[PDB]
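Examination of the molecular architecture
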Amino acid sequence: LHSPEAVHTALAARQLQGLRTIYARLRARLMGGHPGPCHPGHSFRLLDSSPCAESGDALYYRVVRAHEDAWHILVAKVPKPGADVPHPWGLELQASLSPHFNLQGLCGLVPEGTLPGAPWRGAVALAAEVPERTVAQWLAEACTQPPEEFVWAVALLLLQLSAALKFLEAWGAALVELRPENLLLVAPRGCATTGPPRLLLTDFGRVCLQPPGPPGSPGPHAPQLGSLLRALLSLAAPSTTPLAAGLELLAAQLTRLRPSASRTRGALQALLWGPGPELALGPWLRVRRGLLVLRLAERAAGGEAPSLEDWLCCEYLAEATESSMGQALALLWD
Amino acid sequence: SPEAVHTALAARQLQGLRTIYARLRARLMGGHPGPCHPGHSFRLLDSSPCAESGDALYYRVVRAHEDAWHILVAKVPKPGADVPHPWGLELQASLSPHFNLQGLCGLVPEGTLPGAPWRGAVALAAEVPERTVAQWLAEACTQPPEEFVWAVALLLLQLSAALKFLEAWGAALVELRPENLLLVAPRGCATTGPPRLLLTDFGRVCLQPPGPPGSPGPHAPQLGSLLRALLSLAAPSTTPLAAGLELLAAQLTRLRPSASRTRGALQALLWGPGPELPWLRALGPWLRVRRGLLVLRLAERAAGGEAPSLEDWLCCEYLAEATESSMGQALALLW
């Protein structure tokens, strides 16, 4: 109204409120369908006579929990014969934590005599999620993708792993080692079927209490992500794209500078979408937030669903700030 | 250089809005059955019409073109029907398909479907009728809300689009009657909201060679009279749109405006500004803001799993094609 700049501010304020509404609606569907806790009135019957998935520490079978003429599908996690538990408290933590997009949740336990005809004997915990493949099983096929196609797919799975780890670092606990065979992949709920899978962390036997320490401390997982990132990158076909060049520099920075999981997510999101080192940043983020909303509207016109990558992108752009992008760029060009 | 970024953003959302309109229009006009050939096979679906219009009984028929699946409907002449202007029926076969016109795909003579309830050779329409406008009004005006005039104004904009196509042609309809108009669901972009309107009454459409304005819209004084009848059937005039329709009916009979001027003023009541907007100076940033808000609303609906309605496609047609001179006419005709 007689001030083009006030109109520009009102448009940024409303499209950002819409961007948070878009994120919250997609998150509510993406995290929907969670089964309630197990009760004495629930009848448990087996689906899989052989493992539906295998991790490094356990075998997984589906079980149907029937009640009130309906049911939920839960997974029984059966530890492999000879498997150890370096940190038993991490299993007590798994049963104490609320649901998280990238962590394996529990809905209860099947005690002895409650599930007839099982492949195993003894009380078993019930996981809320249903597995499809391990990260190692995905790599066995995925390493045949074109250079940039494979590397992008891995870079987005790494962003999910950093978030799962950020929760744990803010919580006050850490993994002693990273093992892709205990990282499981499933299709995301309510998202396009051709996008990236949802990443679940299951290795709670390796999670231990680790106090955050002083404000100048190193990130407890940084040298594990640096070495793992280089081993995963050595599986990609060669490319000259900035994406692969930034991921190799970030691996050197993870072992050299030792950033936290929240600083790691910032630089990785900045490499995936962010500006170059030349920035100043406000106008860029305001244009990119508006462009994702236009792409979502243009594809909706064709009856196309958003993918998990678009929910993760809209999450970065909605949470991105000038101070956060300053830190993200600083690691990238240093 | 923020001024350079704001110019680039307006151009980037404009090509996206035109792409959204073209993709939703392509879904709405998708599957149009092709012309009838010796390769087509037909089967009867019913013994009673899917729509009963003033001068036609509409029966649904299956067609297959080399095993390509199509549904078409026979326009069986209703007993007592006539043709005051036979040229208008030649015009219906002549013109290209249009979203709000009743299209034809060819003739099916008697004997193709031995079990048919009709006799004689009957042409088959591309669209599949569900009800007439008079049939919708009988129930729809029984328990209207005060905002009911919203559903009527949107069907009126569609009828004005069908009449604008004929007015751009060499043609006019001499007698306008809601009992001869048809409503169907939109294809590919379907919701429970307003139906697609089809203009059917070509038996009464005559030649219109005049150049000078004369009466600019031969259909306007007829729409003004029908709109006053519709406003007395609807809920009390408590919504600004009902008051806008009351003065619009007086203007339709007083000024006899063309369908293109009726669509401008009617779109201004539906989505555009009133006299609160000289006033027209605000239209530049008003279209840029309203165009961006519709793109944002479509993305927020998609985030919730809600498809766009035919109203949202008509809204994006109005906003993508509206200009400062078109909105200047729209507002000047209303006030």
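A short note on the sheet that holds strand β9 (residues 182-184) of chain B
Residues and elements named next belong to chain B.
- Across the sheet, three strands lie side by side as β7-β9-β10; this open sheet has antiparallel pairing. Edge positions in the open sheet fall to β7 (131-132) and β10 (196-198), since each of these has one partner strand only.
- Sheet analysis places β9 next to β10, joined by three bridges and oriented antiparallel. Bridge pairing in β10 links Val184 to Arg196.

Structural notes on the environment of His6 of chain B
Residues and elements named next belong to chain B.
- By the element assignment, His6 lies in helix α1 (residues 2-28).
- A residue is classified by how much of its surface remains accessible, and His6, at 32% relative accessible area, is partly exposed.
- The sequence separation of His6 and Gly30 amounts to 24 residues, and the corresponding C-alpha distance is 36 Å.

Re the pattern of salt bridges
- Under the defined criterion, the tally for this structure stands at 20 salt bridges over all chains.
- Ionic pairing is found between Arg206 of chain A and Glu177 of chain A, a salt bridge with its closest N-O pair at 3.4 Å. Taken together, the positions of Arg206 of chain A in the loop between β10 (198-201) and β11 (207-209) and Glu177 of chain A in the loop between β8 (173-175) and β9 (183-186) put the pair 29 residues apart, joining distant regions of the chain.
- A relative accessible area of 9% means that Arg206 of chain A is categorised as buried.
- Salt-bridge contacts for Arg301 of chain B lead to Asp312 of chain B; the nearest nitrogen and oxygen are separated by 3.4 Å. In this pair, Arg301 of chain B sits in helix α8 (residues 283-303) while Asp312 of chain B sits in helix α9 (residues 310-321), placing the two residues 11 residues apart along the sequence. Like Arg301 of chain B, the residue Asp312 of chain B is buried in the burial classification.
- Look at the salt bridges and you will find they share partners, linking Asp55, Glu175, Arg177, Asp201 and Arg204 of chain B into a network.

Description of the pairing of strand β3 (residues 58-67) of chain A
All names here are of chain A.
- Of all 10 residues that make up β3, eight are buried, and the element is covered over most of its length.
- Where strand β1 (residues 43-46) lies against β3, four bridges are found, and the strand directions are antiparallel. Looking at the pairing, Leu46 lines up with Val63 of β3.
- Where strand β2 (residues 53-54) and β3 come together, two bridges link them in antiparallel fashion. By the bridge assignment, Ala53 is partnered in β3 with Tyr60.
- Two successive antiparallel strands, β2 and β3, enclose a turn made up of three residues.
- Here β3 folds back onto strand β4 (residues 70-79), and the loop between the two strands holds two residues, one of which, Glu68, carries a positive phi near 55°.

Re the interface of chain A and chain B
- Of the residues lining the interface, 23 residues belong to chain A; the matching set on chain B comes to 23 residues.
- When chain A packs against chain B, close to 1900 Å² is buried across both sides, 72% of that on carbon and sulfur atoms.
- Contact with chain B buries area across many residues of chain A, yet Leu294, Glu298 and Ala301 of chain A alone supply 26% of it, more than any other trio.
- The tally of links from chain A across to chain B stands at one salt bridge.

Examining the domain arrangement of chain B
All names here are of chain B.
- Partitioning chain B into domains gives domain 1 (9-29 + 132-334) and domain 2 (40-87 + 103-126).
- Put simply, the middle of domain 1 and the middle of domain 2, counted by C-alpha atoms, are 30 Å apart.
- With 15 residues of domain 1 at the contact, the number on the domain 2 side is 11 residues.
- Counting every contact that joins domain 1 to domain 2 gives one salt bridge.
- Measuring nitrogen to oxygen at the nearest pair gives 2.7 Å for the salt bridge that ties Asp55 to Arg204.
- Counting across the interface, domain 1 meets domain 2 through six residue pairs in polar contact.
- If one sorts the elements of the side of domain 1 that touches domain 2 by residue count, strand β11 (residues 205-207) sits on top with three residues.
- Residue classes in the side of domain 1 that touches domain 2 are distributed as seven nonpolar, six polar and two charged.

Definitions and limits used
Residues numbered from 1 in each chain as written, not as in the entry; some residues may be left out. Chains lettered and ligands numbered in written order. Heavy atoms only, no water. Pairing = 2+ DSSP bridges. Helix = DSSP H or I, 4+ residues; strand = E, 2+ residues; numbered from the N terminus. Buried < 20%, exposed > 50% of the residue type's maximum accessible area, 1.4 Å probe, protein only. Salt bridge = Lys/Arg side-chain N within 4 Å of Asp/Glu carboxyl O. Contact = heavy atoms within 4.5 Å. Buried area = accessible area lost by both parts, 1.4 Å probe. Domains from an automatic or database assignment. Polar contact = N/O pair within 3.5 Å; in protein donor to acceptor, adjacent residues only side chain to side chain. Nonpolar A, V, L, I, M, F, W, Y, C, P; charged D, E, K, R; others polar.

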